[PDB]
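Student: The structure file coords-v2.cif (mmCIF, C-alpha atoms) is provided below.
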```cif
data_coords
#
loop_
_atom_site.label_atom_id
_atom_site.label_comp_id
_atom_site.auth_asym_id
_atom_site.auth_seq_id
_atom_site.Cartn_x
_atom_site.Cartn_y
_atom_site.Cartn_z
CA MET A 1 102.98 -73.57 -119.09
CA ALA A 2 101.80 -74.88 -122.46
CA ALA A 3 102.72 -78.39 -121.29
CA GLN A 4 100.39 -79.92 -118.70
CA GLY A 5 101.10 -81.93 -115.56
CA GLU A 6 103.87 -79.47 -114.73
CA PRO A 7 104.10 -78.30 -111.09
CA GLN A 8 102.25 -75.04 -110.42
CA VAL A 9 104.14 -72.24 -112.16
CA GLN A 10 105.70 -69.69 -109.82
CA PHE A 11 107.15 -66.37 -110.96
CA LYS A 12 109.38 -64.33 -108.65
CA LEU A 13 107.82 -60.87 -108.67
CA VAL A 14 109.82 -57.80 -107.69
CA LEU A 15 107.78 -54.74 -106.70
CA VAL A 16 109.65 -51.44 -106.73
CA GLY A 17 108.61 -47.94 -105.68
CA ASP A 18 108.94 -45.17 -103.10
CA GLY A 19 107.40 -44.96 -99.65
CA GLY A 20 103.87 -43.59 -99.87
CA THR A 21 103.15 -45.30 -103.19
CA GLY A 22 100.88 -47.79 -101.45
CA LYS A 23 102.85 -50.65 -103.00
CA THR A 24 102.64 -52.70 -99.80
CA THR A 25 98.92 -51.95 -99.59
CA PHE A 26 98.58 -53.46 -103.05
CA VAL A 27 100.02 -56.69 -101.65
CA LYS A 28 97.83 -56.44 -98.55
CA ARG A 29 94.77 -56.68 -100.80
CA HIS A 30 95.59 -60.27 -101.75
CA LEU A 31 94.31 -62.45 -98.91
CA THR A 32 96.28 -65.56 -99.89
CA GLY A 33 99.48 -63.52 -99.94
CA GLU A 34 98.73 -62.45 -96.38
CA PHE A 35 97.82 -65.97 -95.29
CA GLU A 36 100.93 -67.57 -96.79
CA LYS A 37 103.19 -64.67 -95.81
CA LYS A 38 106.83 -65.70 -95.48
CA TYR A 39 109.95 -63.70 -94.58
CA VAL A 40 113.56 -64.00 -95.73
CA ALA A 41 116.01 -62.71 -93.12
CA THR A 42 119.06 -62.91 -95.38
CA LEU A 43 117.52 -60.52 -97.91
CA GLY A 44 115.44 -58.69 -95.31
CA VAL A 45 112.49 -59.13 -97.65
CA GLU A 46 108.93 -60.34 -97.09
CA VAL A 47 107.62 -63.08 -99.39
CA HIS A 48 103.96 -62.98 -100.40
CA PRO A 49 102.74 -65.74 -102.75
CA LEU A 50 99.98 -64.29 -104.93
CA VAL A 51 97.94 -66.86 -106.84
CA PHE A 52 95.83 -65.84 -109.82
CA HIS A 53 93.54 -68.27 -111.64
CA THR A 54 94.03 -67.96 -115.39
CA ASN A 55 92.79 -69.75 -118.50
CA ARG A 56 96.13 -71.58 -118.49
CA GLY A 57 95.67 -72.34 -114.80
CA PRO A 58 96.65 -70.96 -111.37
CA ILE A 59 99.79 -68.83 -111.55
CA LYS A 60 101.63 -68.06 -108.32
CA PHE A 61 103.47 -64.74 -108.21
CA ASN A 62 106.06 -64.87 -105.44
CA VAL A 63 105.98 -61.21 -104.46
CA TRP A 64 109.10 -59.80 -102.81
CA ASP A 65 108.46 -56.82 -100.53
CA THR A 66 111.50 -55.09 -99.03
CA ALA A 67 111.16 -54.54 -95.28
CA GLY A 68 111.39 -50.74 -95.39
CA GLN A 69 114.61 -50.79 -97.39
CA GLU A 70 113.12 -48.45 -100.00
CA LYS A 71 112.56 -45.86 -97.27
CA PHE A 72 116.20 -46.33 -96.27
CA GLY A 73 117.32 -45.76 -99.85
CA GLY A 74 118.44 -47.86 -102.80
CA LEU A 75 117.83 -51.61 -102.77
CA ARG A 76 120.48 -54.32 -102.42
CA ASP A 77 121.10 -56.37 -105.56
CA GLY A 78 119.90 -59.52 -103.82
CA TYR A 79 116.32 -58.23 -103.81
CA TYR A 80 116.45 -57.66 -107.57
CA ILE A 81 118.27 -60.94 -108.20
CA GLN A 82 116.09 -63.54 -109.92
CA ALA A 83 113.42 -60.96 -110.73
CA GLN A 84 111.44 -63.20 -113.09
CA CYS A 85 108.86 -60.41 -113.05
CA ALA A 86 109.04 -56.70 -112.22
CA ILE A 87 106.45 -54.05 -111.37
CA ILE A 88 107.45 -50.45 -110.64
CA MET A 89 104.89 -48.07 -109.14
CA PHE A 90 104.80 -44.28 -108.79
CA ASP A 91 102.57 -42.01 -106.72
CA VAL A 92 100.49 -40.07 -109.25
CA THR A 93 100.50 -37.01 -106.98
CA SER A 94 104.25 -37.21 -106.34
CA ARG A 95 106.31 -35.88 -109.24
CA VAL A 96 109.40 -36.76 -107.20
CA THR A 97 108.29 -40.40 -107.19
CA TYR A 98 107.77 -40.28 -110.95
CA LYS A 99 111.31 -38.92 -111.26
CA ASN A 100 112.47 -41.82 -109.10
CA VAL A 101 110.91 -44.43 -111.40
CA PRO A 102 113.73 -44.21 -113.98
CA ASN A 103 116.24 -44.67 -111.16
CA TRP A 104 114.53 -47.79 -109.83
CA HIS A 105 114.27 -49.06 -113.40
CA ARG A 106 117.99 -48.47 -113.85
CA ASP A 107 118.88 -50.52 -110.77
CA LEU A 108 116.46 -53.26 -111.80
CA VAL A 109 117.89 -53.47 -115.31
CA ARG A 110 121.43 -53.44 -113.93
CA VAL A 111 120.74 -56.55 -111.86
CA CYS A 112 118.35 -58.41 -114.18
CA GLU A 113 117.84 -58.29 -117.95
CA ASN A 114 115.29 -59.63 -120.45
CA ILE A 115 112.62 -59.43 -117.74
CA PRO A 116 109.08 -58.07 -118.23
CA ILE A 117 108.63 -54.73 -116.47
CA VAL A 118 105.21 -53.36 -115.53
CA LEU A 119 105.03 -49.62 -114.86
CA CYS A 120 102.03 -48.42 -112.86
CA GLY A 121 100.75 -45.15 -111.45
CA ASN A 122 99.23 -45.62 -108.00
CA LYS A 123 96.87 -43.69 -105.72
CA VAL A 124 94.82 -42.24 -108.58
CA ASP A 125 92.12 -42.21 -105.90
CA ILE A 126 93.45 -38.72 -105.12
CA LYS A 127 91.77 -36.23 -107.46
CA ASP A 128 94.91 -34.08 -107.54
CA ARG A 129 96.82 -36.25 -110.01
CA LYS A 130 99.90 -34.11 -110.64
CA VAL A 131 101.51 -36.67 -112.95
CA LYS A 132 99.32 -36.94 -116.05
CA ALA A 133 99.42 -38.84 -119.35
CA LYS A 134 101.20 -35.92 -121.01
CA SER A 135 103.93 -35.96 -118.35
CA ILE A 136 104.07 -39.75 -118.59
CA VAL A 137 106.81 -40.20 -121.19
CA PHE A 138 109.37 -42.49 -119.54
CA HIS A 139 107.06 -45.44 -120.20
CA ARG A 140 107.02 -44.77 -123.95
CA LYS A 141 110.77 -44.12 -123.96
CA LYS A 142 111.44 -47.54 -122.45
CA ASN A 143 108.63 -49.14 -124.45
CA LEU A 144 107.06 -50.27 -121.17
CA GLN A 145 103.28 -50.27 -120.77
CA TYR A 146 101.63 -47.87 -118.34
CA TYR A 147 98.96 -49.10 -115.92
CA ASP A 148 96.62 -47.02 -113.76
CA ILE A 149 96.03 -48.61 -110.35
CA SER A 150 94.77 -47.39 -106.97
CA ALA A 151 95.60 -49.76 -104.11
CA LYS A 152 93.61 -47.78 -101.53
CA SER A 153 90.48 -48.33 -103.63
CA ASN A 154 91.65 -51.69 -104.97
CA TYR A 155 91.28 -50.12 -108.41
CA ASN A 156 92.64 -52.21 -111.28
CA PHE A 157 94.19 -54.73 -108.87
CA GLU A 158 94.24 -57.53 -111.43
CA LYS A 159 95.38 -55.42 -114.39
CA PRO A 160 99.16 -55.34 -113.75
CA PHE A 161 99.18 -59.03 -112.81
CA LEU A 162 97.16 -60.16 -115.82
CA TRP A 163 99.32 -58.22 -118.29
CA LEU A 164 102.47 -59.44 -116.54
CA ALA A 165 101.24 -63.03 -116.87
CA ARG A 166 100.35 -62.40 -120.51
CA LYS A 167 103.89 -61.15 -121.10
CA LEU A 168 105.44 -64.13 -119.31
CA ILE A 169 103.38 -66.76 -121.11
CA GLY A 170 103.36 -64.83 -124.38
CA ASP A 171 99.59 -65.31 -124.49
CA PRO A 172 97.73 -62.10 -125.46
CA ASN A 173 94.40 -63.88 -125.05
CA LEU A 174 95.07 -64.91 -121.45
CA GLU A 175 92.23 -64.16 -119.04
CA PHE A 176 91.81 -64.43 -115.27
CA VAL A 177 89.07 -67.06 -115.14
CA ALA A 178 88.75 -66.85 -111.35
CA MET A 179 89.58 -64.10 -108.86
CA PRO A 180 91.48 -64.86 -105.64
CA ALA A 181 89.93 -63.69 -102.36
CA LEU A 182 90.69 -60.01 -101.79
CA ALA A 183 90.51 -57.90 -98.63
CA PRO A 184 87.94 -55.07 -98.72
CA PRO A 185 89.11 -51.76 -100.22
CA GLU A 186 89.85 -48.81 -97.93
CA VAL A 187 87.83 -46.56 -100.24
CA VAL A 188 85.58 -47.11 -103.25
CA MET A 189 86.71 -45.49 -106.50
CA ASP A 190 84.11 -43.18 -108.03
CA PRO A 191 83.00 -44.82 -111.29
CA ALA A 192 82.63 -41.44 -112.98
CA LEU A 193 86.16 -40.40 -112.02
CA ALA A 194 87.56 -43.76 -113.12
CA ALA A 195 85.74 -43.49 -116.44
CA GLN A 196 87.07 -39.97 -116.94
CA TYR A 197 90.62 -41.11 -116.19
CA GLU A 198 90.36 -44.02 -118.61
CA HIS A 199 88.83 -41.86 -121.34
CA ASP A 200 91.55 -39.24 -120.94
CA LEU A 201 94.24 -41.92 -121.24
CA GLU A 202 92.54 -43.31 -124.34
CA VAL A 203 92.40 -39.86 -125.93
CA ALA A 204 96.08 -39.30 -125.14
CA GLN A 205 96.93 -42.64 -126.74
CA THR A 206 94.78 -41.72 -129.74
CA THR A 207 96.56 -38.37 -130.14
CA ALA A 208 98.71 -38.32 -133.28
CA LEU A 209 102.10 -37.60 -131.70
CA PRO A 210 105.18 -39.87 -131.76
CA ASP A 211 105.07 -39.71 -127.96
CA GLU A 212 102.72 -38.55 -125.20
CA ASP A 213 104.77 -35.34 -125.30
CA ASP A 214 107.30 -33.96 -127.79
CA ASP A 215 109.80 -33.73 -124.93
CA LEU A 216 112.73 -34.39 -127.27
#
```
Written as structure tokens, that's how I'd like the structure from this file.

Tutor:
Amino acid sequence: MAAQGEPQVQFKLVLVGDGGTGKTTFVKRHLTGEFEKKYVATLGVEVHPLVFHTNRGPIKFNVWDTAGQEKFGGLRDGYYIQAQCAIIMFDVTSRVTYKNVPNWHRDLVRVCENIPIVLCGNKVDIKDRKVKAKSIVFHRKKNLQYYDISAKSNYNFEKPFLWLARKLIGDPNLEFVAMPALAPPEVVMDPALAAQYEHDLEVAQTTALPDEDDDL
């Protein structure tokens, strides 16, 4: 990455979540990933190359999307294997899905170790966000950053990717210089709601407690 003249850098990205998280929708947003869509029969997993143009240069994230396996149940180790990158998403409305996050994390860690993990809450587009910053504690407990994204609205699409890339490179000052072509959002996020959400998160972070909640 720091060296130049190297072939374009690809990171194998593993996306983990429950059905109804919109995780696949998140992928659908990235036009190039759709255009270059590949499938692996052996794993039963779709491959979607997602290219993001950074200050360092274009970074391809080879996104692995299980073909419905999550709906079936737990994921085969092969899917997790070689998870250079990991993003786990939970439905903000679904407490059950939040409860599932630790489980998915456990499987991921079991297969692969020393790998950056990005934890995101999805579908914030729904006003009834049952899982809130105060309830969000697992992230702190694992020392993994929380990200607020809404695939349906294409809210914060770049955020998880940019931070993931920053982790991988080790470059805090990394910026997405250019944005890859994205399919139109299903809905438009209300700016006021988004601002409120962000402010609330900031206040929670500002709050002088060892964790989001004194759960322990």

Student: Which one of A:174, A:165, A:59, A:140 sits closest to residue 215 of chain A if you count all atoms listed in the file?

Tutor: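 So, comparing all the options, the nearest one is A:140.
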
Student: So how far away is atom CA of residue 149 of chain A from atom CA of residue 15 of chain A, in Å?

Tutor: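 The value is 13.7 Å.
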
Student: Which residue is closest to residue 55 of chain A? Choose from A:178, A:141, A:199, A:206 and count all atoms listed in the file.

Tutor: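 Smallest distance to residue 55 of chain A is found for A:178.
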
Student: Which of these residues is nearest to residue 67 of chain A, using all atoms listed in the file: A:84, A:122, A:10, A:24?

Tutor: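 Ranking A:84, A:122, A:10, A:24 by distance to residue 67 of chain A, first place goes to A:24.
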
Student: Quick one: residues within 7 Å of residue 146 of chain A, all atoms listed in the file counted, chain neighbours fewer than 2 positions away excluded, as a ChimeraX atom specification?

Tutor: /A:119-120,139,144,148

Student: Output the residue selection produced by the PyMOL selection byres ((chain A and resi 176) around 8) on the file above, formatted as a PDB file with C-alpha atoms, in the coordinates of the input.

Tutor:
```pdb
ATOM      1  CA  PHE A  52      95.830 -65.840-109.820  1.00  0.00           C
ATOM      2  CA  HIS A  53      93.540 -68.270-111.640  1.00  0.00           C
ATOM      3  CA  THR A  54      94.030 -67.960-115.390  1.00  0.00           C
ATOM      4  CA  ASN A  55      92.790 -69.750-118.500  1.00  0.00           C
ATOM      5  CA  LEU A 162      97.160 -60.160-115.820  1.00  0.00           C
ATOM      6  CA  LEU A 174      95.070 -64.910-121.450  1.00  0.00           C
ATOM      7  CA  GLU A 175      92.230 -64.160-119.040  1.00  0.00           C
ATOM      8  CA  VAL A 177      89.070 -67.060-115.140  1.00  0.00           C
ATOM      9  CA  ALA A 178      88.750 -66.850-111.350  1.00  0.00           C
ATOM     10  CA  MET A 179      89.580 -64.100-108.860  1.00  0.00           C
TER      11      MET A 179
END
```

Student: Can you translate the PyMOL selection byres ((chain A and resi 167) around 12) into the concrete residues it hits in this file, as a ChimeraX atom specification?

Tutor: /A:11,84-86,114-118,144-145,160-166,168-174

Student: Take the PyMOL selection byres ((chain A and resi 76-80) around 9), apply it to the structure above, and return the hits as a ChimeraX atom specification.

Tutor: /A:14,43-45,64-66,69,74-75,81-83,86,107-112

Student: By how many Å are atom CA of residue 185 of chain A and atom CA of residue 154 of chain A apart?

Tutor: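 Separation between atom CA of residue 185 of chain A and atom CA of residue 154 of chain A: 5.4 Å.
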
Student: Just to confirm, what's the straight-line distance from atom CA of residue 131 of chain A to atom CA of residue 197 of chain A in Å (one decimal)?

Tutor: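 Interatomic distance here is 12.2 Å.
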
Student: May I ask which of the residues A:187, A:216, A:13, A:31 is the closest one to residue 47 of chain A, counting only C-alpha atoms?

Tutor: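 Using only C-alpha atoms, the shortest distance to residue 47 of chain A belongs to A:13.
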
Student: Which one of A:181, A:95, A:63, A:100 sits closest to residue 40 of chain A if you count only C-alpha atoms?

Tutor: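 Closest residue, counting only C-alpha atoms: A:63.
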
Student: Show which residues sit within 10 Å of segment 2-4 of chain A, as a PyMOL selection string. Count only C-alpha atoms, and ignore same-chain residues fewer than 4 positions away.

Tutor: chain A and resi 8+56-57+169

Student: Counting only C-alpha atoms, figure out which residue out of A:28, A:71, A:152, A:106 gets nearest to residue 50 of chain A.

Tutor: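 The shortest atom-to-atom distance to residue 50 of chain A comes from A:28.
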